[PDB]
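> this one's a deposited entry, sequence included:
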Amino acid sequence: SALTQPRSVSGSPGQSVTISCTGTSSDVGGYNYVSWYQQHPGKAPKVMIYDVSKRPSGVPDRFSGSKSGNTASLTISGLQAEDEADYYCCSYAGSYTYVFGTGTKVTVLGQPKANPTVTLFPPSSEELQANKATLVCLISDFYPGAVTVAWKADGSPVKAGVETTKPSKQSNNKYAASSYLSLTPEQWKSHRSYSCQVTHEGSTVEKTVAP
Amino acid sequence: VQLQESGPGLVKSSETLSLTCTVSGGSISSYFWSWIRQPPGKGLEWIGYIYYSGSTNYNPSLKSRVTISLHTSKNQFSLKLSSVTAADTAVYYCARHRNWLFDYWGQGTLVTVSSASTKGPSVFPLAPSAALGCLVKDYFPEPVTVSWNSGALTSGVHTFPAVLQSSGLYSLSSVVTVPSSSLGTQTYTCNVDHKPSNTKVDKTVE
């Protein structure tokens, strides 16, 4: 089980952010072998913190690390543009094994927050005639560039046949994401409704379709 | 220390994935040498590592399918992942492991798992009921380009990155937001170009 981090954190230049990393007594709580890695797009991850709170040479002291029980925390004071990246925690997990966290995007706020436009398209009759059924949830004009998408069938969770893209920057500098629920025409017909539920900055936007 | 992954790029489903990492600036006769991956989908996933002695330890969920070996005559170490499926498409990273951390990483290399051969897309309409679009479904390999009205329509367009489906085929979509009252007066056409299969499609939506 990957270590649990939040999906997104954000703050303005000069300000602070904290990223949690929740494991168990077998990993984060069991040892002081917790490290954190910074990853820019297409670059090698870089160690920023190791053994919970220790900084490699060259890493600024604005990066600090702590731990309480089963949760480790990385704090980035005095945010600068270059701190915008994905961050992963990692722990020793016993018997010569390691487990990484799920990743957090840190955004350094340079434009206004914005909640997503969400459009859910049912499968076309043309696709249905081709004996396939694809629900298409398109998500645009959001900032910061991180979103959680949950699919529902008759209100209950679906996680078979789901594929979601990582947010992409648009020409207007906001972000876009897409999600797909792929199924058969009978499976499409086997529920009264389907919904795409998009969570952004503590707000949900839900669209529903029916055959 | 610099690390460089090398590899096949594309692997057919149910084949063995083999990757090599060549190390420069130091010897693989010290420390541990590891592989980690990232599905376009999730965060990092530790695969395993090899100690300079040849001793290995693997992620319990991958262990039955994984071998990591040393090739000291070339300062290299390798990964073999057996019988890959769609769930193994990822960027694979090699890294040095030392003192309870991963101190030097390669930049990573994308391995795509698909047994597909070249196939042009089916383009389906995403009709309005104002936003509308085109679903460019089931093509291989990348890439596809999408324009609207042959380039003349741009405001409110976004064409999303492709997903690779468990079929081993890609899909993407493109959406445009238009004024509600334009639907009767004006046609909206997505122009889909898939160079690899020599396929261009023009689909006019509702």
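That came in fine, so what should we check first? Numbers count the residues shown, from 1 in each chain, chains lettered A, B, ... in the order given.

> residues of stretch B:199-206 that come out buried?
Within stretch B:199-206, the residues scored as buried using 16 or more other Cβ atoms under 10 Å in any protein chain shown are B:199, B:201, B:203, B:205. Just so you know, the C-beta spots here come from the backbone N, C-alpha and C atoms, and that holds for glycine as well.

> just stretch B:87-96 next, same as before
Buried residues in stretch B:87-96 (16+ other Cβ under 10 Å): B:88-96.

> again, but for stretch B:96-115
Under 16+ other Cβ under 10 Å, the buried positions of stretch B:96-115 are B:96-97, B:100-106, B:108-109, B:111-115.

> can you check stretch A:129-142 too?
So for stretch A:129-142, counting by 16+ other Cβ under 10 Å, buried means A:132-142.

> cool, and stretch B:134-143?
Quick answer for stretch B:134-143 (16+ other Cβ under 10 Å): B:134-141.

> ok, now stretch A:177-196?
Buried-residue list, stretch A:177-196, by 16+ other Cβ under 10 Å: A:177-183, A:185, A:188, A:191, A:194-196.

> out of those, which is nearest to chain B?
residue A:178 (4.0 Å; Cβ to the nearest Cβ).

> and the gap between that closest one and residue A:155?
Counting by Cβ to Cβ, to the nearest Å, the gap from residue A:178 to residue A:155 is 23 Å.

> then residue A:125?
Residue A:125 is 25 Å from residue A:155, by Cβ to Cβ.

> and for residue A:51?
46 Å.

> quick one, which of the two is more surrounded?
residue A:51 (15 against 11; other Cβ atoms under 10 Å in any protein chain shown).

> I'd say that one and residue A:66 touch.
No - with contact defined as Cβ atoms under 8 Å, residue A:51 does not reach residue A:66; the gap is 11.8 Å.

> residues touching the residue of chain A positioned farthest from its centre, list them.
Most distant from the centre of chain A: residue A:129, at 35.4 Å, with distances by Cα atoms, centre = their mean. Applying Cβ atoms under 8 Å, 6 or more residues apart in numbering or on different chains to residue A:129 gives no contacts.

> need phi/psi at it.
Backbone torsions for residue A:129, taken as degrees, to the nearest 10, come to phi -70, psi -30.

> how is the chain divided into domains?
No chain in the question, so chain A it is. Chain A breaks down into these domains under curated CATH domains: A:1-112, A:113-211.

> look at chain B instead
If you go by curated CATH domains, chain B breaks into B:1-115, B:116-205.

> show me how far the longest one is from its chain's centre.
Taking Cα atoms, centre = their mean, to the nearest Å, one finds domain B:1-115 lying 16 Å from the centre of the chain it belongs to.

> likewise for stretch A:36-49?
So, by Cα atoms, centre = their mean, the centroid of stretch A:36-49 is 16 Å from its chain's centroid.
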